[PDB]
Every structure is written in structure tokens, then in C-alpha cells.
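Raw contents of upload.pdb, PDB, C-alpha atoms and all ligand atoms:
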MODEL        1
ATOM      1  CA  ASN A  44     -36.519  35.116  14.326  1.00  0.00           C
ATOM      2  CA  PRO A  45     -33.457  36.420  12.497  1.00  0.00           C
ATOM      3  CA  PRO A  46     -33.278  37.562   8.875  1.00  0.00           C
ATOM      4  CA  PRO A  47     -32.968  34.624   6.474  1.00  0.00           C
ATOM      5  CA  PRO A  48     -29.759  34.212   4.465  1.00  0.00           C
ATOM      6  CA  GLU A  49     -29.799  36.738   1.659  1.00  0.00           C
ATOM      7  CA  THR A  50     -30.149  35.420  -1.869  1.00  0.00           C
ATOM      8  CA  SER A  51     -28.473  38.259  -3.807  1.00  0.00           C
ATOM      9  CA  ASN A  52     -26.014  41.106  -3.284  1.00  0.00           C
ATOM     10  CA  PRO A  53     -25.621  43.856  -5.917  1.00  0.00           C
ATOM     11  CA  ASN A  54     -21.822  43.826  -5.526  1.00  0.00           C
ATOM     12  CA  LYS A  55     -21.455  40.152  -6.394  1.00  0.00           C
ATOM     13  CA  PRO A  56     -21.384  39.385 -10.136  1.00  0.00           C
ATOM     14  CA  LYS A  57     -23.867  36.905 -11.570  1.00  0.00           C
ATOM     15  CA  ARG A  58     -22.534  33.659 -13.021  1.00  0.00           C
ATOM     16  CA  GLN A  59     -24.336  30.662 -14.497  1.00  0.00           C
ATOM     17  CA  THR A  60     -22.763  27.324 -15.398  1.00  0.00           C
ATOM     18  CA  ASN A  61     -24.086  24.094 -16.875  1.00  0.00           C
ATOM     19  CA  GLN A  62     -23.768  22.523 -13.414  1.00  0.00           C
ATOM     20  CA  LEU A  63     -25.689  25.271 -11.610  1.00  0.00           C
ATOM     21  CA  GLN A  64     -28.286  24.994 -14.388  1.00  0.00           C
ATOM     22  CA  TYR A  65     -28.722  21.240 -13.892  1.00  0.00           C
ATOM     23  CA  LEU A  66     -28.678  21.817 -10.124  1.00  0.00           C
ATOM     24  CA  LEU A  67     -31.854  23.945 -10.116  1.00  0.00           C
ATOM     25  CA  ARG A  68     -33.605  22.148 -12.983  1.00  0.00           C
ATOM     26  CA  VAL A  69     -33.113  18.536 -11.858  1.00  0.00           C
ATOM     27  CA  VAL A  70     -31.503  18.012  -8.450  1.00  0.00           C
ATOM     28  CA  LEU A  71     -33.557  20.638  -6.607  1.00  0.00           C
ATOM     29  CA  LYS A  72     -36.734  19.462  -8.351  1.00  0.00           C
ATOM     30  CA  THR A  73     -36.142  15.897  -7.140  1.00  0.00           C
ATOM     31  CA  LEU A  74     -35.159  17.024  -3.636  1.00  0.00           C
ATOM     32  CA  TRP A  75     -38.218  19.293  -3.441  1.00  0.00           C
ATOM     33  CA  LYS A  76     -40.444  16.329  -4.358  1.00  0.00           C
ATOM     34  CA  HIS A  77     -39.071  13.905  -1.728  1.00  0.00           C
ATOM     35  CA  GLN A  78     -41.328  12.605   1.056  1.00  0.00           C
ATOM     36  CA  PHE A  79     -39.193  14.270   3.746  1.00  0.00           C
ATOM     37  CA  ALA A  80     -38.674  17.615   1.986  1.00  0.00           C
ATOM     38  CA  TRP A  81     -41.314  19.697   3.776  1.00  0.00           C
ATOM     39  CA  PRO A  82     -39.241  20.506   6.929  1.00  0.00           C
ATOM     40  CA  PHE A  83     -36.436  21.901   4.729  1.00  0.00           C
ATOM     41  CA  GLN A  84     -38.347  23.932   2.111  1.00  0.00           C
ATOM     42  CA  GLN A  85     -38.208  27.168   4.149  1.00  0.00           C
ATOM     43  CA  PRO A  86     -36.140  28.744   6.937  1.00  0.00           C
ATOM     44  CA  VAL A  87     -36.790  27.162  10.324  1.00  0.00           C
ATOM     45  CA  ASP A  88     -39.339  29.216  12.278  1.00  0.00           C
ATOM     46  CA  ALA A  89     -37.767  28.747  15.700  1.00  0.00           C
ATOM     47  CA  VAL A  90     -40.587  30.706  17.361  1.00  0.00           C
ATOM     48  CA  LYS A  91     -43.656  28.792  16.166  1.00  0.00           C
ATOM     49  CA  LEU A  92     -41.753  25.514  16.582  1.00  0.00           C
ATOM     50  CA  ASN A  93     -40.680  26.563  20.117  1.00  0.00           C
ATOM     51  CA  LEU A  94     -36.930  26.270  19.511  1.00  0.00           C
ATOM     52  CA  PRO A  95     -35.630  29.278  21.491  1.00  0.00           C
ATOM     53  CA  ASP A  96     -31.980  28.139  21.344  1.00  0.00           C
ATOM     54  CA  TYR A  97     -32.035  27.171  17.659  1.00  0.00           C
ATOM     55  CA  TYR A  98     -30.412  30.282  16.188  1.00  0.00           C
ATOM     56  CA  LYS A  99     -28.042  30.511  19.161  1.00  0.00           C
ATOM     57  CA  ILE A 100     -26.735  27.033  18.287  1.00  0.00           C
ATOM     58  CA  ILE A 101     -27.108  27.131  14.483  1.00  0.00           C
ATOM     59  CA  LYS A 102     -24.983  30.115  13.458  1.00  0.00           C
ATOM     60  CA  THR A 103     -25.253  29.476   9.686  1.00  0.00           C
ATOM     61  CA  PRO A 104     -28.776  28.306   8.834  1.00  0.00           C
ATOM     62  CA  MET A 105     -29.733  27.037   5.410  1.00  0.00           C
ATOM     63  CA  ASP A 106     -32.784  25.658   3.630  1.00  0.00           C
ATOM     64  CA  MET A 107     -33.826  24.604   0.154  1.00  0.00           C
ATOM     65  CA  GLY A 108     -35.988  27.730   0.039  1.00  0.00           C
ATOM     66  CA  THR A 109     -33.003  30.072   0.118  1.00  0.00           C
ATOM     67  CA  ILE A 110     -30.868  27.624  -1.892  1.00  0.00           C
ATOM     68  CA  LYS A 111     -33.475  27.831  -4.658  1.00  0.00           C
ATOM     69  CA  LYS A 112     -33.575  31.629  -4.603  1.00  0.00           C
ATOM     70  CA  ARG A 113     -29.761  31.654  -4.747  1.00  0.00           C
ATOM     71  CA  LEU A 114     -29.713  29.441  -7.847  1.00  0.00           C
ATOM     72  CA  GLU A 115     -32.333  31.716  -9.424  1.00  0.00           C
ATOM     73  CA  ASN A 116     -30.546  34.996  -8.689  1.00  0.00           C
ATOM     74  CA  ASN A 117     -27.159  33.485  -9.645  1.00  0.00           C
ATOM     75  CA  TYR A 118     -25.819  34.046  -6.136  1.00  0.00           C
ATOM     76  CA  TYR A 119     -23.558  30.986  -6.438  1.00  0.00           C
ATOM     77  CA  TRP A 120     -20.285  31.254  -8.339  1.00  0.00           C
ATOM     78  CA  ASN A 121     -20.071  27.554  -9.249  1.00  0.00           C
ATOM     79  CA  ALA A 122     -21.712  24.239  -8.379  1.00  0.00           C
ATOM     80  CA  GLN A 123     -19.385  23.683  -5.404  1.00  0.00           C
ATOM     81  CA  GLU A 124     -20.768  26.797  -3.709  1.00  0.00           C
ATOM     82  CA  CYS A 125     -24.322  25.433  -3.972  1.00  0.00           C
ATOM     83  CA  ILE A 126     -23.478  21.886  -2.842  1.00  0.00           C
ATOM     84  CA  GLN A 127     -21.834  23.415   0.233  1.00  0.00           C
ATOM     85  CA  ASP A 128     -25.220  24.880   1.188  1.00  0.00           C
ATOM     86  CA  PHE A 129     -26.925  21.477   1.167  1.00  0.00           C
ATOM     87  CA  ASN A 130     -24.157  19.974   3.326  1.00  0.00           C
ATOM     88  CA  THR A 131     -24.536  22.860   5.776  1.00  0.00           C
ATOM     89  CA  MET A 132     -28.326  22.453   5.765  1.00  0.00           C
ATOM     90  CA  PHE A 133     -27.911  18.749   6.555  1.00  0.00           C
ATOM     91  CA  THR A 134     -25.250  19.247   9.231  1.00  0.00           C
ATOM     92  CA  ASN A 135     -27.393  21.900  10.931  1.00  0.00           C
ATOM     93  CA  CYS A 136     -30.069  19.245  11.461  1.00  0.00           C
ATOM     94  CA  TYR A 137     -27.300  16.963  12.755  1.00  0.00           C
ATOM     95  CA  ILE A 138     -25.751  19.563  15.072  1.00  0.00           C
ATOM     96  CA  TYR A 139     -28.934  20.823  16.726  1.00  0.00           C
ATOM     97  CA  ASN A 140     -30.547  17.402  17.235  1.00  0.00           C
ATOM     98  CA  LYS A 141     -29.272  14.117  18.636  1.00  0.00           C
ATOM     99  CA  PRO A 142     -28.366  11.000  16.611  1.00  0.00           C
ATOM    100  CA  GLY A 143     -31.285   8.731  15.791  1.00  0.00           C
ATOM    101  CA  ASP A 144     -33.998  11.371  16.130  1.00  0.00           C
ATOM    102  CA  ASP A 145     -36.727  11.448  13.494  1.00  0.00           C
ATOM    103  CA  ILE A 146     -35.771  14.806  11.963  1.00  0.00           C
ATOM    104  CA  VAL A 147     -32.195  13.507  11.774  1.00  0.00           C
ATOM    105  CA  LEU A 148     -33.385  10.407   9.914  1.00  0.00           C
ATOM    106  CA  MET A 149     -35.487  12.553   7.576  1.00  0.00           C
ATOM    107  CA  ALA A 150     -32.424  14.637   6.704  1.00  0.00           C
ATOM    108  CA  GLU A 151     -30.286  11.511   6.277  1.00  0.00           C
ATOM    109  CA  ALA A 152     -32.748   9.982   3.807  1.00  0.00           C
ATOM    110  CA  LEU A 153     -32.855  13.381   2.093  1.00  0.00           C
ATOM    111  CA  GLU A 154     -29.046  13.572   1.976  1.00  0.00           C
ATOM    112  CA  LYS A 155     -28.595  10.097   0.471  1.00  0.00           C
ATOM    113  CA  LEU A 156     -30.761  11.152  -2.480  1.00  0.00           C
ATOM    114  CA  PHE A 157     -28.838  14.432  -2.768  1.00  0.00           C
ATOM    115  CA  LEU A 158     -25.415  12.787  -3.055  1.00  0.00           C
ATOM    116  CA  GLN A 159     -26.988  10.380  -5.549  1.00  0.00           C
ATOM    117  CA  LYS A 160     -28.453  13.099  -7.791  1.00  0.00           C
ATOM    118  CA  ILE A 161     -25.409  15.417  -7.795  1.00  0.00           C
ATOM    119  CA  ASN A 162     -23.380  12.541  -9.248  1.00  0.00           C
ATOM    120  CA  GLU A 163     -25.388  13.308 -12.421  1.00  0.00           C
ATOM    121  CA  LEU A 164     -24.089  16.877 -12.767  1.00  0.00           C
ATOM    122  CA  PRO A 165     -21.790  17.323 -15.793  1.00  0.00           C
ATOM    123  CA  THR A 166     -18.234  16.296 -14.951  1.00  0.00           C
ATOM    124  CA  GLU A 167     -16.898  19.279 -16.953  1.00  0.00           C
ATOM    125  CA  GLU A 168     -18.221  22.744 -16.125  1.00  0.00           C
ATOM    126  CA  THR A 169     -19.263  25.083 -18.953  1.00  0.00           C
ATOM    127  CA  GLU A 170     -19.889  28.796 -18.464  1.00  0.00           C
TER     128      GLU A 170
HETATM  129  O1  LIG A 201     -41.760  19.952  13.791  1.00  0.00           O
HETATM  130  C1  LIG A 201     -42.132  20.165  12.684  1.00  0.00           C
HETATM  131  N1  LIG A 201     -43.452  19.714  12.260  1.00  0.00           N
HETATM  132  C2  LIG A 201     -44.323  19.003  13.191  1.00  0.00           C
HETATM  133  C3  LIG A 201     -44.993  19.974  14.167  1.00  0.00           C
HETATM  134  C4  LIG A 201     -45.594  19.489  15.321  1.00  0.00           C
HETATM  135  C5  LIG A 201     -46.185  20.416  16.169  1.00  0.00           C
HETATM  136  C6  LIG A 201     -46.168  21.767  15.860  1.00  0.00           C
HETATM  137  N2  LIG A 201     -45.586  22.178  14.749  1.00  0.00           N
HETATM  138  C7  LIG A 201     -45.010  21.336  13.909  1.00  0.00           C
HETATM  139  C8  LIG A 201     -41.228  20.907  11.693  1.00  0.00           C
HETATM  140  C9  LIG A 201     -39.829  20.822  11.803  1.00  0.00           C
HETATM  141  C10 LIG A 201     -38.984  21.519  10.880  1.00  0.00           C
HETATM  142  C11 LIG A 201     -37.457  21.418  11.005  1.00  0.00           C
HETATM  143  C12 LIG A 201     -36.577  21.614   9.919  1.00  0.00           C
HETATM  144  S1  LIG A 201     -34.984  21.396  10.515  1.00  0.00           S
HETATM  145  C13 LIG A 201     -35.357  21.055  12.138  1.00  0.00           C
HETATM  146  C14 LIG A 201     -34.518  20.752  13.295  1.00  0.00           C
HETATM  147  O2  LIG A 201     -33.338  20.702  13.173  1.00  0.00           O
HETATM  148  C15 LIG A 201     -35.129  20.514  14.571  1.00  0.00           C
HETATM  149  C16 LIG A 201     -36.624  20.607  14.717  1.00  0.00           C
HETATM  150  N3  LIG A 201     -37.298  20.125  15.910  1.00  0.00           N
HETATM  151  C17 LIG A 201     -36.620  19.561  17.080  1.00  0.00           C
HETATM  152  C18 LIG A 201     -37.481  18.569  17.856  1.00  0.00           C
HETATM  153  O3  LIG A 201     -38.455  18.007  17.050  1.00  0.00           O
HETATM  154  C19 LIG A 201     -39.395  18.949  16.666  1.00  0.00           C
HETATM  155  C20 LIG A 201     -38.759  20.190  16.045  1.00  0.00           C
HETATM  156  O4  LIG A 201     -37.479  20.848  13.550  1.00  0.00           O
HETATM  157  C21 LIG A 201     -36.776  21.103  12.246  1.00  0.00           C
HETATM  158  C22 LIG A 201     -39.567  22.282   9.853  1.00  0.00           C
HETATM  159  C23 LIG A 201     -40.974  22.366   9.732  1.00  0.00           C
HETATM  160  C24 LIG A 201     -41.808  21.673  10.662  1.00  0.00           C
HETATM  161  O5  LIG A 201     -43.245  21.750  10.561  1.00  0.00           O
HETATM  162  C25 LIG A 201     -43.678  22.905   9.946  1.00  0.00           C
HETATM  163  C26 LIG A 201     -42.864  23.516   8.859  1.00  0.00           C
HETATM  164  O6  LIG A 201     -41.546  23.152   8.669  1.00  0.00           O
ENDMDL
END
Show me this structure written as C-alpha cells.
Amino acid sequence: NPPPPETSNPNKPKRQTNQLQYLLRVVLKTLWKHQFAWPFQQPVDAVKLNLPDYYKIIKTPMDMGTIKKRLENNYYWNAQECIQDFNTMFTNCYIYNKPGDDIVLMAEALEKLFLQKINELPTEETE
């Protein structure tokens, strides 16, 4: 297994906005509760799951585990930077697997709730 994505770097300033606040307090909470959240709450263990080509195909892995630690350490500059990590987490499941698989359908159901909940983030960002 490779190192997981890092959740803080001492050279990057820390910034919090009202949207990043609502993103960890509400959206993540709902997404972490979903029925199909358990395969995406931590970095994929390609060894125990016997996926030897996973990290050779997925060059930018992502999970809600690291997304949460990034919201907590203020790794993200704005809300856009966080939303981009969910899209990449979803598309990873779509790139590595084939259409119509179960894990694909679990990520699709999990994405439809994500796009629904981020429509609740404040339309005007406040620092
Ligand atoms: O397969 C899983 N659970 C059932 C199980 C059965 C037997 C032994 N061990 C576990 C599983 C999959 C992902 C997970 C998150 S993203 C992602 C992906 O993109 C492709 C795969 N695959 C490909 C083929 O299907 C099985 C595993 O898995 C994942 C994350 C997980 C999983 O279970 C344990 C913890 O987190």
C-alpha cells in the first residue's frame, strides 16, 4: 500500500469559510451516515482486498476519511477544493470498475445524495 493523501502541510496557510464549515458539519455527516458509505470511509486497502493493480490505475486516490481530516486541518482553501475531492473519489470508483457493477452503483447512490446536499451550502462565501 502507498501512503494516503496527506491532510496538512505546514507551508500551506489555514483558511476556513462558511461553506467549508457547513461541508464538514452537515454534508459529510449525512454522507458518512448513508447506507453505502462504509467502502469510502477510509483509503482503499488494495492488499487485503486483493486489488494489486488498484494504485497503478488510480493515480489520485481519495476517500471521505482523508476528506474529513482535510476539512478539520483546514487543508482546503475554499469549498470548491473540497467538492473536487468527492468528484475524484467517485470517478476513481468509476475508472477502476466497469459500468453497472455493485460498487459503482453504491458510489452512484452516494454521489446523488452528495450533489443534493451541497446545493444547501451558502451561495455566498464568508471567511
Ligand atoms: O469489497 C469490499 N467489501 C466486501 C469484502 C468481501 C470479501 C473480502 N473483503 C471485503 C470493500 C470494498 C471497498 C472499495 C471502496 S472503492 C472500491 C473499488 O473501486 C473497487 C473494489 N473492488 C472491486 C471488485 O469488487 C470487490 C472490490 O472495492 C472498493 C472498501 C471496503 C470494502 O470492505 C472493507 C472495507 O472497505
Closest contacts (chain A/ligand LIG 201 (chain A), max 7 Å, only C-alpha atoms and all ligand atoms) as a tab-separated table:
residue	atom	partner	partner_atom	distance
A:81	CA	A:LIG201	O6	6.0
A:82	CA	A:LIG201	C22	3.4
A:83	CA	A:LIG201	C12	5.2
A:85	CA	A:LIG201	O6	6.9
A:87	CA	A:LIG201	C12	5.6
A:92	CA	A:LIG201	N2	5.4
A:135	CA	A:LIG201	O2	6.5
A:136	CA	A:LIG201	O2	4.0
A:139	CA	A:LIG201	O2	5.7
A:140	CA	A:LIG201	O2	5.9
A:146	CA	A:LIG201	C14	6.2
What separation in Å, quoted to one decimal, exists between atom CA of residue A:151 and atom CA of residue A:120?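 Computing the Euclidean distance for atom CA of residue A:151 and atom CA of residue A:120 yields 26.5 Å.
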Identify, on the basis of only C-alpha atoms, every residue whose closest approach to residue A:128 does not exceed 10 Å; exclude the query and any residue fewer than 6 positions from it along the same chain; express the result as a PyMOL selection string. chain A and resi 103-107+109-110+119+134
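A straight line drawn from atom CA of residue A:100 to atom CA of residue A:133 is 14.4 Å long.
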Atom pair atom CA of residue A:64 + atom CA of residue A:76, distance 18.0 Å
Exercise on stretch 67-75 of chain A, axis-aligned box with 3 Å per side, report centre and edge lengths in Å to one decimal, as lines of an AutoDock Vina configuration file:
center_x = -34.9
center_y = 19.9
center_z = -8.2
size_x = 12.7
size_y = 14.0
size_z = 15.5
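Nearest to residue A:57 of all the residues A:132, A:69, A:89, A:114 is A:114, based on all atoms listed in the file.
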Pick out the residues sitting within 10 Å of residue A:59, and hand them over as a compact mmCIF listing (two decimals) with C-alpha atoms, in the frame of the given file; count only C-alpha atoms, and ignore anything fewer than 6 positions along from it in its own chain.
# COMPACT_ATOMS: atom_id res chain seq x y z
CA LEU A 114 -29.71 29.44 -7.85
CA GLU A 115 -32.33 31.72 -9.42
CA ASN A 116 -30.55 35.00 -8.69
CA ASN A 117 -27.16 33.48 -9.64
CA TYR A 118 -25.82 34.05 -6.14
CA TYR A 119 -23.56 30.99 -6.44
CA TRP A 120 -20.28 31.25 -8.34
CA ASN A 121 -20.07 27.55 -9.25
CA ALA A 122 -21.71 24.24 -8.38
CA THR A 169 -19.26 25.08 -18.95
CA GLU A 170 -19.89 28.80 -18.46
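Within 8 Å of stretch 159-167 of chain A, once all atoms listed in the file are used and residues closer than 2 positions along the same chain are dropped, the contacting residues are residues 61, 62, 65, 66, 70, 155, 156, 157 and 169 of chain A.
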List the neighbours of residue A:47 out to 7 Å using all atoms listed in the file; skip same-chain residues closer than 2 positions along the sequence, and give me the result as a ChimeraX atom specification. /A:45,49,86
Output file for the selection above: C-alpha atoms, as an mmCIF file, in the frame of the given file:
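part-v4.cif was written with the following content:
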data_model
loop_
_atom_site.group_PDB
_atom_site.id
_atom_site.type_symbol
_atom_site.label_atom_id
_atom_site.label_comp_id
_atom_site.auth_asym_id
_atom_site.auth_seq_id
_atom_site.Cartn_x
_atom_site.Cartn_y
_atom_site.Cartn_z
ATOM 1 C CA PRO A 45 -33.457 36.420 12.497
ATOM 2 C CA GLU A 49 -29.799 36.738 1.659
ATOM 3 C CA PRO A 86 -36.140 28.744 6.937
#
So, counting all atoms listed in the file, which residue among A:94, A:129, A:54, A:148 is closest to residue A:79?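 Between A:94, A:129, A:54, A:148, the residue approaching residue A:79 most closely is A:148.
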Ranking A:123, A:111, A:67, A:131 by minimum distance to residue A:168 and counting only C-alpha atoms, which one comes first? A:123
Selection result for the PyMOL selection byres (((chain A and resi 50) around 6) and not hetatm) on this file, as a PyMOL selection string: chain A and resi 49+51+112-113
Starting from the sparse input, extend stretch 76-99 of chain A to N, CA, C and O atoms and give the output as a PDB file, keeping the file's coordinate frame.
ATOM      1  N   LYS A  76     -39.346  17.280  -4.255  1.00  0.00           N
ATOM      2  CA  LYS A  76     -40.444  16.329  -4.358  1.00  0.00           C
ATOM      3  C   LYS A  76     -40.418  15.273  -3.260  1.00  0.00           C
ATOM      4  O   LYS A  76     -41.468  14.702  -2.948  1.00  0.00           O
ATOM      5  N   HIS A  77     -39.254  15.014  -2.661  1.00  0.00           N
ATOM      6  CA  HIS A  77     -39.071  13.905  -1.728  1.00  0.00           C
ATOM      7  C   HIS A  77     -40.108  13.904  -0.605  1.00  0.00           C
ATOM      8  O   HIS A  77     -40.698  14.944  -0.288  1.00  0.00           O
ATOM      9  N   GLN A  78     -40.342  12.730  -0.012  1.00  0.00           N
ATOM     10  CA  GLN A  78     -41.328  12.605   1.056  1.00  0.00           C
ATOM     11  C   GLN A  78     -40.960  13.443   2.270  1.00  0.00           C
ATOM     12  O   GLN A  78     -41.847  13.946   2.968  1.00  0.00           O
ATOM     13  N   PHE A  79     -39.667  13.602   2.541  1.00  0.00           N
ATOM     14  CA  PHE A  79     -39.193  14.270   3.746  1.00  0.00           C
ATOM     15  C   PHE A  79     -38.644  15.663   3.447  1.00  0.00           C
ATOM     16  O   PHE A  79     -37.768  16.157   4.161  1.00  0.00           O
ATOM     17  N   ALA A  80     -39.164  16.307   2.402  1.00  0.00           N
ATOM     18  CA  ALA A  80     -38.674  17.615   1.986  1.00  0.00           C
ATOM     19  C   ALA A  80     -39.343  18.771   2.718  1.00  0.00           C
ATOM     20  O   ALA A  80     -38.741  19.844   2.836  1.00  0.00           O
ATOM     21  N   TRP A  81     -40.563  18.576   3.221  1.00  0.00           N
ATOM     22  CA  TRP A  81     -41.314  19.697   3.776  1.00  0.00           C
ATOM     23  C   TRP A  81     -40.643  20.403   4.956  1.00  0.00           C
ATOM     24  O   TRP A  81     -40.807  21.632   5.058  1.00  0.00           O
ATOM     25  N   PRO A  82     -39.895  19.745   5.855  1.00  0.00           N
ATOM     26  CA  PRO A  82     -39.241  20.506   6.929  1.00  0.00           C
ATOM     27  C   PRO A  82     -38.062  21.344   6.462  1.00  0.00           C
ATOM     28  O   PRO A  82     -37.541  22.135   7.256  1.00  0.00           O
ATOM     29  N   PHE A  83     -37.624  21.208   5.210  1.00  0.00           N
ATOM     30  CA  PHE A  83     -36.436  21.901   4.729  1.00  0.00           C
ATOM     31  C   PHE A  83     -36.720  22.808   3.539  1.00  0.00           C
ATOM     32  O   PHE A  83     -35.774  23.260   2.882  1.00  0.00           O
ATOM     33  N   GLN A  84     -37.988  23.090   3.245  1.00  0.00           N
ATOM     34  CA  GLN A  84     -38.347  23.932   2.111  1.00  0.00           C
ATOM     35  C   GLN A  84     -38.367  25.419   2.447  1.00  0.00           C
ATOM     36  O   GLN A  84     -38.578  26.236   1.542  1.00  0.00           O
ATOM     37  N   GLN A  85     -38.143  25.785   3.705  1.00  0.00           N
ATOM     38  CA  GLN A  85     -38.208  27.168   4.149  1.00  0.00           C
ATOM     39  C   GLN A  85     -37.320  27.323   5.367  1.00  0.00           C
ATOM     40  O   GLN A  85     -36.962  26.323   6.011  1.00  0.00           O
ATOM     41  N   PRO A  86     -36.934  28.550   5.723  1.00  0.00           N
ATOM     42  CA  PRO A  86     -36.140  28.744   6.937  1.00  0.00           C
ATOM     43  C   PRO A  86     -36.911  28.295   8.170  1.00  0.00           C
ATOM     44  O   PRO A  86     -38.127  28.478   8.274  1.00  0.00           O
ATOM     45  N   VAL A  87     -36.183  27.693   9.107  1.00  0.00           N
ATOM     46  CA  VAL A  87     -36.790  27.162  10.324  1.00  0.00           C
ATOM     47  C   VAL A  87     -37.380  28.313  11.136  1.00  0.00           C
ATOM     48  O   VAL A  87     -36.673  29.259  11.501  1.00  0.00           O
ATOM     49  N   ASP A  88     -38.681  28.239  11.415  1.00  0.00           N
ATOM     50  CA  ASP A  88     -39.339  29.216  12.278  1.00  0.00           C
ATOM     51  C   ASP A  88     -39.175  28.750  13.719  1.00  0.00           C
ATOM     52  O   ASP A  88     -40.003  28.016  14.261  1.00  0.00           O
ATOM     53  N   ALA A  89     -38.086  29.197  14.351  1.00  0.00           N
ATOM     54  CA  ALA A  89     -37.767  28.747  15.700  1.00  0.00           C
ATOM     55  C   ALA A  89     -38.798  29.197  16.724  1.00  0.00           C
ATOM     56  O   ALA A  89     -38.863  28.618  17.815  1.00  0.00           O
ATOM     57  N   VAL A  90     -39.602  30.209  16.404  1.00  0.00           N
ATOM     58  CA  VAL A  90     -40.587  30.706  17.361  1.00  0.00           C
ATOM     59  C   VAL A  90     -41.817  29.808  17.383  1.00  0.00           C
ATOM     60  O   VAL A  90     -42.199  29.274  18.433  1.00  0.00           O
ATOM     61  N   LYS A  91     -42.466  29.636  16.228  1.00  0.00           N
ATOM     62  CA  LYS A  91     -43.656  28.792  16.166  1.00  0.00           C
ATOM     63  C   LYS A  91     -43.345  27.353  16.552  1.00  0.00           C
ATOM     64  O   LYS A  91     -44.182  26.678  17.162  1.00  0.00           O
ATOM     65  N   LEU A  92     -42.153  26.866  16.216  1.00  0.00           N
ATOM     66  CA  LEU A  92     -41.753  25.514  16.582  1.00  0.00           C
ATOM     67  C   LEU A  92     -41.190  25.420  17.994  1.00  0.00           C
ATOM     68  O   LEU A  92     -40.800  24.324  18.412  1.00  0.00           O
ATOM     69  N   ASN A  93     -41.144  26.532  18.730  1.00  0.00           N
ATOM     70  CA  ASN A  93     -40.680  26.563  20.117  1.00  0.00           C
ATOM     71  C   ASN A  93     -39.266  25.995  20.244  1.00  0.00           C
ATOM     72  O   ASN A  93     -38.999  25.069  21.013  1.00  0.00           O
ATOM     73  N   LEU A  94     -38.355  26.584  19.468  1.00  0.00           N
ATOM     74  CA  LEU A  94     -36.930  26.270  19.511  1.00  0.00           C
ATOM     75  C   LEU A  94     -36.167  27.545  19.863  1.00  0.00           C
ATOM     76  O   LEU A  94     -35.527  28.159  18.998  1.00  0.00           O
ATOM     77  N   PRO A  95     -36.218  27.974  21.131  1.00  0.00           N
ATOM     78  CA  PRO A  95     -35.630  29.278  21.491  1.00  0.00           C
ATOM     79  C   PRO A  95     -34.114  29.324  21.388  1.00  0.00           C
ATOM     80  O   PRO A  95     -33.555  30.421  21.254  1.00  0.00           O
ATOM     81  N   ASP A  96     -33.431  28.183  21.449  1.00  0.00           N
ATOM     82  CA  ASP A  96     -31.980  28.139  21.344  1.00  0.00           C
ATOM     83  C   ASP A  96     -31.506  27.753  19.949  1.00  0.00           C
ATOM     84  O   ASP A  96     -30.308  27.526  19.754  1.00  0.00           O
ATOM     85  N   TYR A  97     -32.412  27.685  18.971  1.00  0.00           N
ATOM     86  CA  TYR A  97     -32.035  27.171  17.659  1.00  0.00           C
ATOM     87  C   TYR A  97     -31.015  28.075  16.979  1.00  0.00           C
ATOM     88  O   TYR A  97     -29.957  27.609  16.539  1.00  0.00           O
ATOM     89  N   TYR A  98     -31.319  29.365  16.866  1.00  0.00           N
ATOM     90  CA  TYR A  98     -30.412  30.282  16.188  1.00  0.00           C
ATOM     91  C   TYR A  98     -29.253  30.737  17.069  1.00  0.00           C
ATOM     92  O   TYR A  98     -28.364  31.439  16.577  1.00  0.00           O
ATOM     93  N   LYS A  99     -29.239  30.356  18.348  1.00  0.00           N
ATOM     94  CA  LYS A  99     -28.042  30.511  19.161  1.00  0.00           C
ATOM     95  C   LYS A  99     -27.074  29.354  18.974  1.00  0.00           C
ATOM     96  O   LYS A  99     -25.871  29.524  19.198  1.00  0.00           O
TER      97      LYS A  99
END
